[PDB]
$ cat structure.pdb   # PDB, C-alpha atoms and all ligand atoms
MODEL        1
ATOM      1  CA  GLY A 447      29.608  -0.691  -3.879  1.00  0.00           C
ATOM      2  CA  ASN A 448      27.051   2.117  -3.481  1.00  0.00           C
ATOM      3  CA  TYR A 449      24.485   0.045  -1.483  1.00  0.00           C
ATOM      4  CA  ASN A 450      22.616   3.276  -0.491  1.00  0.00           C
ATOM      5  CA  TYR A 451      20.296   2.968  -3.580  1.00  0.00           C
ATOM      6  CA  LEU A 452      17.538   0.333  -3.237  1.00  0.00           C
ATOM      7  CA  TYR A 453      14.514  -1.256  -4.970  1.00  0.00           C
ATOM      8  CA  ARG A 454      11.546  -3.424  -3.883  1.00  0.00           C
ATOM      9  CA  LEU A 455      12.174  -6.912  -5.368  1.00  0.00           C
ATOM     10  CA  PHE A 456       8.508  -8.067  -4.994  1.00  0.00           C
ATOM     11  CA  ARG A 457       5.096  -7.075  -3.478  1.00  0.00           C
ATOM     12  CA  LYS A 458       1.843  -9.046  -2.784  1.00  0.00           C
ATOM     13  CA  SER A 459       0.098  -6.985  -5.513  1.00  0.00           C
ATOM     14  CA  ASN A 460       1.341  -4.640  -8.258  1.00  0.00           C
ATOM     15  CA  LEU A 461       1.184  -0.866  -7.629  1.00  0.00           C
ATOM     16  CA  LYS A 462      -1.770   1.182  -8.906  1.00  0.00           C
ATOM     17  CA  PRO A 463      -0.693   4.243 -11.035  1.00  0.00           C
ATOM     18  CA  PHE A 464       1.546   6.571  -8.929  1.00  0.00           C
ATOM     19  CA  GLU A 465       0.871   4.482  -5.755  1.00  0.00           C
ATOM     20  CA  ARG A 466       3.884   5.260  -3.467  1.00  0.00           C
ATOM     21  CA  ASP A 467       4.890   2.689  -0.812  1.00  0.00           C
ATOM     22  CA  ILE A 468       7.927   2.736   1.562  1.00  0.00           C
ATOM     23  CA  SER A 469       6.698  -0.242   3.727  1.00  0.00           C
ATOM     24  CA  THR A 470       9.584  -2.392   5.147  1.00  0.00           C
ATOM     25  CA  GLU A 471       7.548  -5.524   6.153  1.00  0.00           C
ATOM     26  CA  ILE A 472       8.715  -9.138   5.423  1.00  0.00           C
ATOM     27  CA  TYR A 473       7.258 -10.659   2.201  1.00  0.00           C
ATOM     28  CA  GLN A 474       5.659 -14.100   2.906  1.00  0.00           C
ATOM     29  CA  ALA A 475       6.433 -16.565   0.043  1.00  0.00           C
ATOM     30  CA  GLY A 476       5.253 -19.759   1.936  1.00  0.00           C
ATOM     31  CA  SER A 477       3.250 -21.205   4.902  1.00  0.00           C
ATOM     32  CA  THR A 478       5.353 -19.631   7.748  1.00  0.00           C
ATOM     33  CA  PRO A 479       3.886 -16.487   9.458  1.00  0.00           C
ATOM     34  CA  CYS A 480       7.199 -14.691   9.174  1.00  0.00           C
ATOM     35  CA  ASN A 481       7.843 -12.725  12.452  1.00  0.00           C
ATOM     36  CA  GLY A 482      11.599 -12.202  11.632  1.00  0.00           C
ATOM     37  CA  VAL A 483      12.117 -15.506   9.678  1.00  0.00           C
ATOM     38  CA  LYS A 484      14.080 -14.651   6.468  1.00  0.00           C
ATOM     39  CA  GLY A 485      15.675 -16.410   3.422  1.00  0.00           C
ATOM     40  CA  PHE A 486      13.101 -19.273   3.090  1.00  0.00           C
ATOM     41  CA  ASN A 487       9.233 -19.039   3.129  1.00  0.00           C
ATOM     42  CA  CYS A 488       9.780 -15.298   3.989  1.00  0.00           C
ATOM     43  CA  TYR A 489      12.012 -12.478   2.580  1.00  0.00           C
ATOM     44  CA  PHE A 490      13.095  -8.883   3.325  1.00  0.00           C
ATOM     45  CA  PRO A 491      12.048  -7.132   0.046  1.00  0.00           C
ATOM     46  CA  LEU A 492      14.289  -3.985  -0.250  1.00  0.00           C
ATOM     47  CA  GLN A 493      17.174  -5.186  -2.479  1.00  0.00           C
ATOM     48  CA  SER A 494      20.150  -3.026  -3.617  1.00  0.00           C
ATOM     49  CA  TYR A 495      21.894  -2.239  -6.916  1.00  0.00           C
ATOM     50  CA  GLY A 496      25.218  -1.774  -4.973  1.00  0.00           C
TER      51      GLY A 496
ATOM     52  CA  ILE B 101     -16.054  18.425  13.189  1.00  0.00           C
ATOM     53  CA  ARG B 102     -12.324  19.301  12.982  1.00  0.00           C
ATOM     54  CA  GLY B 103     -11.650  17.112   9.888  1.00  0.00           C
ATOM     55  CA  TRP B 104     -10.610  13.599   8.827  1.00  0.00           C
ATOM     56  CA  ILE B 105      -8.054  10.743   8.750  1.00  0.00           C
ATOM     57  CA  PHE B 106      -7.680   8.408   5.706  1.00  0.00           C
ATOM     58  CA  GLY B 107      -5.357   5.371   5.380  1.00  0.00           C
ATOM     59  CA  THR B 108      -4.918   1.633   6.122  1.00  0.00           C
ATOM     60  CA  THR B 109      -3.184   1.317   9.583  1.00  0.00           C
ATOM     61  CA  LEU B 110      -4.466   4.853  10.596  1.00  0.00           C
ATOM     62  CA  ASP B 111      -1.498   5.121  13.047  1.00  0.00           C
ATOM     63  CA  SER B 112       2.150   3.805  12.751  1.00  0.00           C
ATOM     64  CA  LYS B 113       3.998   1.485  10.260  1.00  0.00           C
ATOM     65  CA  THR B 114       3.007   3.417   7.047  1.00  0.00           C
ATOM     66  CA  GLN B 115       1.744   6.865   5.879  1.00  0.00           C
ATOM     67  CA  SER B 116      -1.912   7.929   6.484  1.00  0.00           C
ATOM     68  CA  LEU B 117      -3.480  11.236   5.348  1.00  0.00           C
ATOM     69  CA  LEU B 118      -4.518  13.662   8.122  1.00  0.00           C
ATOM     70  CA  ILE B 119      -6.712  16.665   7.188  1.00  0.00           C
ATOM     71  CA  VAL B 120      -7.423  19.256   9.918  1.00  0.00           C
ATOM     72  CA  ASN B 121      -9.762  22.191   9.270  1.00  0.00           C
ATOM     73  CA  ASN B 122      -8.052  24.334  11.976  1.00  0.00           C
ATOM     74  CA  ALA B 123     -10.581  27.250  12.097  1.00  0.00           C
ATOM     75  CA  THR B 124      -8.822  29.874   9.871  1.00  0.00           C
ATOM     76  CA  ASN B 125      -6.981  27.256   7.697  1.00  0.00           C
ATOM     77  CA  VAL B 126      -6.862  23.729   6.286  1.00  0.00           C
ATOM     78  CA  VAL B 127      -3.688  21.838   7.380  1.00  0.00           C
ATOM     79  CA  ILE B 128      -2.714  18.513   5.702  1.00  0.00           C
ATOM     80  CA  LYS B 129       0.051  15.894   6.342  1.00  0.00           C
ATOM     81  CA  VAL B 130       0.776  12.167   5.525  1.00  0.00           C
ATOM     82  CA  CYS B 131       2.762  10.844   8.569  1.00  0.00           C
ATOM     83  CA  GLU B 132       0.812   9.249  11.475  1.00  0.00           C
ATOM     84  CA  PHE B 133      -0.205  10.692  14.909  1.00  0.00           C
ATOM     85  CA  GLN B 134      -2.129   9.316  17.944  1.00  0.00           C
ATOM     86  CA  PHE B 135      -4.333  12.492  18.234  1.00  0.00           C
ATOM     87  CA  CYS B 136      -8.150  11.937  18.282  1.00  0.00           C
ATOM     88  CA  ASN B 137      -9.734  12.496  21.698  1.00  0.00           C
ATOM     89  CA  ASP B 138     -11.012  16.141  22.031  1.00  0.00           C
ATOM     90  CA  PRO B 139      -9.631  18.846  19.552  1.00  0.00           C
ATOM     91  CA  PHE B 140     -13.159  20.326  18.859  1.00  0.00           C
ATOM     92  CA  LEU B 141     -13.744  22.430  22.065  1.00  0.00           C
ATOM     93  CA  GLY B 142     -12.263  25.050  24.464  1.00  0.00           C
ATOM     94  CA  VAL B 143     -13.918  25.030  27.958  1.00  0.00           C
ATOM     95  CA  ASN B 164       8.320  10.156  10.852  1.00  0.00           C
ATOM     96  CA  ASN B 165       8.945  10.257   7.028  1.00  0.00           C
ATOM     97  CA  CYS B 166       6.431  13.124   6.564  1.00  0.00           C
ATOM     98  CA  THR B 167       6.820  13.127   2.715  1.00  0.00           C
ATOM     99  CA  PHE B 168       3.924  15.556   1.951  1.00  0.00           C
ATOM    100  CA  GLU B 169       2.453  18.622   3.734  1.00  0.00           C
ATOM    101  CA  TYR B 170      -0.039  21.337   2.570  1.00  0.00           C
ATOM    102  CA  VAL B 171      -1.951  24.414   3.927  1.00  0.00           C
ATOM    103  CA  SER B 172      -4.902  26.468   2.530  1.00  0.00           C
ATOM    104  CA  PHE B 186     -27.964  23.404  11.832  1.00  0.00           C
ATOM    105  CA  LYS B 187     -29.183  26.055   9.289  1.00  0.00           C
ATOM    106  CA  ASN B 188     -26.064  25.567   7.104  1.00  0.00           C
ATOM    107  CA  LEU B 189     -25.622  22.141   5.440  1.00  0.00           C
ATOM    108  CA  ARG B 190     -22.104  21.435   4.117  1.00  0.00           C
ATOM    109  CA  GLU B 191     -21.580  18.731   1.509  1.00  0.00           C
ATOM    110  CA  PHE B 192     -18.255  17.131   0.427  1.00  0.00           C
ATOM    111  CA  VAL B 193     -16.917  14.404  -1.845  1.00  0.00           C
ATOM    112  CA  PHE B 194     -13.580  12.663  -1.172  1.00  0.00           C
ATOM    113  CA  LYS B 195     -12.017  10.554  -3.994  1.00  0.00           C
ATOM    114  CA  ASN B 196      -8.634   8.838  -4.594  1.00  0.00           C
ATOM    115  CA  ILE B 197      -8.141   8.552  -8.417  1.00  0.00           C
ATOM    116  CA  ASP B 198      -5.481   5.834  -7.859  1.00  0.00           C
ATOM    117  CA  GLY B 199      -3.077   8.774  -8.150  1.00  0.00           C
ATOM    118  CA  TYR B 200      -4.016  12.054  -6.368  1.00  0.00           C
ATOM    119  CA  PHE B 201      -6.680  12.909  -3.736  1.00  0.00           C
ATOM    120  CA  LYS B 202      -9.650  14.926  -5.087  1.00  0.00           C
ATOM    121  CA  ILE B 203     -12.051  16.993  -2.979  1.00  0.00           C
ATOM    122  CA  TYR B 204     -15.326  18.660  -4.043  1.00  0.00           C
ATOM    123  CA  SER B 205     -17.689  20.676  -1.797  1.00  0.00           C
ATOM    124  CA  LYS B 206     -20.764  22.916  -1.448  1.00  0.00           C
ATOM    125  CA  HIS B 207     -22.203  25.169   1.294  1.00  0.00           C
ATOM    126  CA  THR B 208     -26.054  25.246   1.330  1.00  0.00           C
ATOM    127  CA  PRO B 209     -28.837  26.937   3.372  1.00  0.00           C
ATOM    128  CA  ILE B 210     -31.539  24.582   4.778  1.00  0.00           C
ATOM    129  CA  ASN B 211     -34.569  24.771   7.070  1.00  0.00           C
ATOM    130  CA  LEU B 212     -33.945  23.242  10.558  1.00  0.00           C
ATOM    131  CA  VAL B 213     -35.511  19.919   9.333  1.00  0.00           C
ATOM    132  CA  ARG B 214     -31.986  18.410   9.489  1.00  0.00           C
ATOM    133  CA  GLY B 215     -32.740  15.113   7.578  1.00  0.00           C
ATOM    134  CA  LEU B 216     -31.279  16.213   4.154  1.00  0.00           C
ATOM    135  CA  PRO B 217     -34.182  18.251   2.544  1.00  0.00           C
ATOM    136  CA  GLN B 218     -34.690  17.010  -1.049  1.00  0.00           C
ATOM    137  CA  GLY B 219     -33.847  20.302  -2.885  1.00  0.00           C
ATOM    138  CA  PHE B 220     -31.292  19.498  -5.630  1.00  0.00           C
ATOM    139  CA  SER B 221     -27.635  20.745  -5.259  1.00  0.00           C
ATOM    140  CA  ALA B 222     -24.243  20.434  -7.065  1.00  0.00           C
ATOM    141  CA  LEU B 223     -20.704  20.251  -5.548  1.00  0.00           C
ATOM    142  CA  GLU B 224     -17.691  22.128  -6.987  1.00  0.00           C
ATOM    143  CA  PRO B 225     -13.928  21.239  -6.952  1.00  0.00           C
ATOM    144  CA  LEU B 226     -11.575  22.409  -4.151  1.00  0.00           C
ATOM    145  CA  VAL B 227      -8.240  20.532  -4.464  1.00  0.00           C
ATOM    146  CA  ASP B 228      -6.505  17.658  -6.319  1.00  0.00           C
ATOM    147  CA  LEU B 229      -3.583  16.831  -3.991  1.00  0.00           C
ATOM    148  CA  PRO B 230      -0.580  14.790  -5.399  1.00  0.00           C
ATOM    149  CA  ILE B 231      -0.317  12.532  -2.284  1.00  0.00           C
ATOM    150  CA  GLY B 232      -0.019   8.992  -3.882  1.00  0.00           C
ATOM    151  CA  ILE B 233      -1.020   7.250  -0.548  1.00  0.00           C
ATOM    152  CA  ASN B 234      -2.892   3.883  -0.577  1.00  0.00           C
ATOM    153  CA  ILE B 235      -6.268   4.211   1.306  1.00  0.00           C
ATOM    154  CA  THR B 236      -8.999   1.714   2.405  1.00  0.00           C
ATOM    155  CA  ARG B 237     -10.371   3.211   5.700  1.00  0.00           C
ATOM    156  CA  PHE B 238     -11.241   6.626   7.173  1.00  0.00           C
ATOM    157  CA  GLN B 239     -12.265   8.397  10.418  1.00  0.00           C
ATOM    158  CA  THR B 240     -13.777  11.714  11.659  1.00  0.00           C
ATOM    159  CA  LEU B 241     -12.110  14.220  14.056  1.00  0.00           C
ATOM    160  CA  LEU B 242     -14.782  15.027  16.707  1.00  0.00           C
TER     161      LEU B 242
ATOM    162  CA  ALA C 348      26.635 -38.777  -9.705  1.00  0.00           C
ATOM    163  CA  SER C 349      30.072 -37.347  -8.738  1.00  0.00           C
ATOM    164  CA  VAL C 350      29.813 -33.580  -9.523  1.00  0.00           C
ATOM    165  CA  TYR C 351      32.726 -33.429 -12.064  1.00  0.00           C
ATOM    166  CA  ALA C 352      30.668 -36.124 -13.950  1.00  0.00           C
ATOM    167  CA  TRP C 353      27.071 -34.882 -13.184  1.00  0.00           C
ATOM    168  CA  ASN C 354      23.998 -36.507 -14.862  1.00  0.00           C
ATOM    169  CA  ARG C 355      21.215 -34.981 -17.050  1.00  0.00           C
ATOM    170  CA  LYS C 356      18.283 -37.260 -15.974  1.00  0.00           C
ATOM    171  CA  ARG C 357      15.515 -36.701 -18.630  1.00  0.00           C
ATOM    172  CA  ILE C 358      11.894 -35.801 -17.764  1.00  0.00           C
ATOM    173  CA  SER C 359       9.326 -35.752 -20.653  1.00  0.00           C
ATOM    174  CA  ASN C 360       5.675 -36.459 -21.677  1.00  0.00           C
ATOM    175  CA  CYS C 361       4.278 -35.523 -18.204  1.00  0.00           C
ATOM    176  CA  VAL C 362       2.824 -32.593 -16.164  1.00  0.00           C
ATOM    177  CA  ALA C 363       5.179 -30.977 -13.648  1.00  0.00           C
ATOM    178  CA  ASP C 364       4.240 -29.428 -10.295  1.00  0.00           C
ATOM    179  CA  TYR C 365       6.684 -27.111  -8.501  1.00  0.00           C
ATOM    180  CA  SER C 366       4.077 -25.945  -5.891  1.00  0.00           C
ATOM    181  CA  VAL C 367       4.275 -29.319  -4.066  1.00  0.00           C
ATOM    182  CA  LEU C 368       8.042 -28.524  -3.887  1.00  0.00           C
ATOM    183  CA  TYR C 369       8.159 -24.797  -2.926  1.00  0.00           C
ATOM    184  CA  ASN C 370       5.505 -25.240  -0.156  1.00  0.00           C
ATOM    185  CA  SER C 371       7.622 -28.044   1.463  1.00  0.00           C
ATOM    186  CA  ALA C 372      10.372 -27.934   4.140  1.00  0.00           C
ATOM    187  CA  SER C 373      11.358 -31.553   3.051  1.00  0.00           C
ATOM    188  CA  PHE C 374      14.857 -30.529   1.728  1.00  0.00           C
ATOM    189  CA  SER C 375      18.072 -29.389   3.559  1.00  0.00           C
ATOM    190  CA  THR C 376      18.106 -26.530   0.991  1.00  0.00           C
ATOM    191  CA  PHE C 377      15.531 -25.351  -1.587  1.00  0.00           C
ATOM    192  CA  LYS C 378      15.857 -22.434  -4.118  1.00  0.00           C
ATOM    193  CA  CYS C 379      14.043 -21.212  -7.273  1.00  0.00           C
ATOM    194  CA  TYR C 380      15.142 -18.508  -9.760  1.00  0.00           C
ATOM    195  CA  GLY C 381      14.242 -16.227 -12.729  1.00  0.00           C
ATOM    196  CA  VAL C 382      10.509 -16.083 -11.737  1.00  0.00           C
ATOM    197  CA  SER C 383       8.416 -16.190  -8.518  1.00  0.00           C
ATOM    198  CA  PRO C 384       7.867 -19.873  -7.411  1.00  0.00           C
ATOM    199  CA  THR C 385       4.104 -19.310  -8.103  1.00  0.00           C
ATOM    200  CA  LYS C 386       4.921 -18.642 -11.837  1.00  0.00           C
ATOM    201  CA  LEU C 387       6.802 -21.990 -12.290  1.00  0.00           C
ATOM    202  CA  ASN C 388       3.422 -23.825 -12.466  1.00  0.00           C
ATOM    203  CA  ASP C 389       2.564 -21.772 -15.654  1.00  0.00           C
ATOM    204  CA  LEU C 390       5.723 -22.851 -17.619  1.00  0.00           C
ATOM    205  CA  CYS C 391       5.965 -25.278 -20.611  1.00  0.00           C
ATOM    206  CA  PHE C 392       9.054 -27.026 -22.127  1.00  0.00           C
ATOM    207  CA  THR C 393      10.070 -29.641 -24.758  1.00  0.00           C
ATOM    208  CA  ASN C 394      12.040 -31.441 -21.991  1.00  0.00           C
ATOM    209  CA  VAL C 395      12.711 -31.075 -18.263  1.00  0.00           C
ATOM    210  CA  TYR C 396      15.855 -32.369 -16.511  1.00  0.00           C
ATOM    211  CA  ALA C 397      17.117 -33.327 -13.084  1.00  0.00           C
TER     212      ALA C 397
HETATM  213  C1  LIG A 501      -4.171  26.743  13.724  1.00  0.00           C
HETATM  214  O1  LIG A 501      -4.693  26.955  15.072  1.00  0.00           O
HETATM  215  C2  LIG A 501      -4.532  28.270  15.729  1.00  0.00           C
HETATM  216  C3  LIG A 501      -5.461  28.241  16.947  1.00  0.00           C
HETATM  217  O2  LIG A 501      -6.745  27.725  16.530  1.00  0.00           O
HETATM  218  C4  LIG A 501      -4.892  29.407  14.758  1.00  0.00           C
HETATM  219  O3  LIG A 501      -4.487  30.661  15.345  1.00  0.00           O
HETATM  220  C5  LIG A 501      -4.154  29.263  13.423  1.00  0.00           C
HETATM  221  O4  LIG A 501      -4.484  30.398  12.569  1.00  0.00           O
HETATM  222  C6  LIG A 501      -4.544  27.920  12.779  1.00  0.00           C
HETATM  223  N1  LIG A 501      -3.970  27.762  11.434  1.00  0.00           N
HETATM  224  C7  LIG A 501      -2.665  27.627  11.189  1.00  0.00           C
HETATM  225  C8  LIG A 501      -2.257  27.436   9.720  1.00  0.00           C
HETATM  226  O5  LIG A 501      -1.832  27.639  12.090  1.00  0.00           O
HETATM  227  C1  LIG A 502      11.978   6.449   7.246  1.00  0.00           C
HETATM  228  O1  LIG A 502      11.815   5.370   6.264  1.00  0.00           O
HETATM  229  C2  LIG A 502      12.974   4.456   6.125  1.00  0.00           C
HETATM  230  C3  LIG A 502      12.612   3.400   5.074  1.00  0.00           C
HETATM  231  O2  LIG A 502      12.183   4.072   3.873  1.00  0.00           O
HETATM  232  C4  LIG A 502      13.297   3.850   7.500  1.00  0.00           C
HETATM  233  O3  LIG A 502      14.517   3.087   7.405  1.00  0.00           O
HETATM  234  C5  LIG A 502      13.517   4.939   8.560  1.00  0.00           C
HETATM  235  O4  LIG A 502      13.774   4.302   9.843  1.00  0.00           O
HETATM  236  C6  LIG A 502      12.296   5.870   8.647  1.00  0.00           C
HETATM  237  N1  LIG A 502      12.570   6.943   9.607  1.00  0.00           N
HETATM  238  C7  LIG A 502      11.635   7.490  10.378  1.00  0.00           C
HETATM  239  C8  LIG A 502      12.116   8.605  11.319  1.00  0.00           C
HETATM  240  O5  LIG A 502      10.462   7.121  10.346  1.00  0.00           O
ENDMDL
END
$ encode --input "structure.pdb" --output "structure tokens"
Amino acid sequence: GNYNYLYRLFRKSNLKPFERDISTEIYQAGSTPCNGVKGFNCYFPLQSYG
Amino acid sequence: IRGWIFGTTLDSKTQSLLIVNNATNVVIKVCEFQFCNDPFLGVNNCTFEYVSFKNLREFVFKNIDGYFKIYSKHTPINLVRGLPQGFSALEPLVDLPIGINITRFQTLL
Amino acid sequence: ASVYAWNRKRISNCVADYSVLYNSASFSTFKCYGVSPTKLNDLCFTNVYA
């Protein structure tokens, strides 16, 4: 697997036209203020095609 | 005034546009720095970079979702510094392809 | 039901809410798929099943 190519799975709002964004912060799906919690209520957003 | 900062965090964690009017030249970059305190007097994933009282200078700064647009004018005035009401028009300078999200700004002084 | 003999329990003629589910830690595991959990509350179906 070539995991070295990646995509953002989700963001709190859609991009504006040609808005470029490399931010690596945890996406909050639920009530938990994430602070390194991952896989439920909170997710790391940079997925791979592999 | 040495120039401007535009961004969201204004230092660290994400890109933020720095413009310095360094005397002879404009100098522009999108990665963050801590610099602010005194550049006006004698006495990191950097994915874009570019180089280029009696006087009143006027500017407009705009982000067109894409790009960063700048217009300006240089004008003579009397020493009544409170924006004398003589009509003026600003002309384009640059239309930079930066793509950075912006909500906040600051002045270098 | 025993999983080799699993049951299709019918749900019909009612309004669903998945937000009361995806906000809650009340399950030893919880998952949702195909859309953001927020989008589930916009869906409509002839039947729903457990
Ligand atoms: C930057 O600063 C120095 C000192 O003010 C000056 O000599 C130089 O021409 C300026 N511009 C550039 C592009 O270095
Ligand atoms: C550059 O950005 C990537 C994410 O796009 C990050 O993993 C890396 O640590 C950053 N490097 C520097 C020097 O900022």
$ residues_near_ligand --input "structure.pdb" --ligand "ligand LIG 501 (chain A)" --cutoff "7 Å" --atoms "only C-alpha atoms and all ligand atoms" --output "PyMOL selection string"
chain B and resi 122-127+171
$ resolve_selection --input "structure.pdb" --expression "the PyMOL selection byres (((chain C and resi 381-396) around 8) and not hetatm)" --output "list in words"
residues 355, 356, 357, 358, 359, 363, 364, 365, 366, 369, 379, 380 and 397 of chain C
$ residues_around --input "structure.pdb" --residues "region 447-451 of chain A" --least-positions-apart "4" --cutoff "9 Å" --atoms "only C-alpha atoms" --output "PyMOL selection string"
chain A and resi 493-496
$ write_last_selection --input "structure.pdb" --atoms "C-alpha atoms" --output "short mmCIF file (atom, residue, chain, number, x, y, z; two decimals), in the frame of the given file"
data_model
loop_
_atom_site.label_atom_id
_atom_site.label_comp_id
_atom_site.auth_asym_id
_atom_site.auth_seq_id
_atom_site.Cartn_x
_atom_site.Cartn_y
_atom_site.Cartn_z
CA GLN A 493 17.17 -5.19 -2.48
CA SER A 494 20.15 -3.03 -3.62
CA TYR A 495 21.89 -2.24 -6.92
CA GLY A 496 25.22 -1.77 -4.97
#
$ residues_near_ligand --input "structure.pdb" --ligand "ligand LIG 502 (chain A)" --cutoff "12 Å" --atoms "all atoms listed in the file" --output "list in words"
residues 450, 451, 452, 453, 454, 466, 467, 468, 469, 470, 471, 491 and 492 of chain A; 112, 113, 114, 115, 130, 131, 132, 164, 165, 166 and 167 of chain B
$ resolve_selection --input "structure.pdb" --expression "the PyMOL selection byres ((chain A and not hetatm) within 6 of (chain B))" --output "compact mmCIF listing (two decimals) with C-alpha atoms, in the coordinates of the input"
# COMPACT_ATOMS: atom_id res chain seq x y z
CA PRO A 463 -0.69 4.24 -11.04
CA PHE A 464 1.55 6.57 -8.93
CA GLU A 465 0.87 4.48 -5.76
CA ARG A 466 3.88 5.26 -3.47
$ resolve_selection --input "structure.pdb" --expression "the PyMOL selection byres (((chain A and resi 482-488) around 10) and not hetatm)" --output "VMD selection string"
(chain A and resid 471 to 481 489 to 491) or (chain C and resid 369 to 372 376 to 378)
$ residues_around --input "structure.pdb" --residues "residue 240 (chain B)" --least-positions-apart "6" --cutoff "9 Å" --atoms "only C-alpha atoms" --output "list in words"
residues 101, 102, 103, 104, 105 and 136 of chain B
$ axis_aligned_box --input "structure.pdb" --around "region 471-483 of chain A" --padding-each-side "4 Å" --output "AutoDock Vina command-line options"
--center_x 7.7 --center_y -13.4 --center_z 6.2 --size_x 16.9 --size_y 23.7 --size_z 20.4
$ atom_distance --input "structure.pdb" --atom1 "CA of residue 111 (chain B)" --atom2 "CA of residue 242 (chain B)"
17.0 Å
$ atom_distance --input "structure.pdb" --atom1 "CA of residue 224 (chain B)" --atom2 "CA of residue 236 (chain B)"
24.1 Å
$ atom_distance --input "structure.pdb" --atom1 "CA of residue 221 (chain B)" --atom2 "CA of residue 186 (chain B)"
17.3 Å
$ residues_around --input "structure.pdb" --residues "residue 219 (chain B)" --least-positions-apart "2" --cutoff "12 Å" --atoms "only C-alpha atoms" --output "list in words"
residues 189, 208, 209, 210, 211, 215, 216, 217, 221 and 222 of chain B
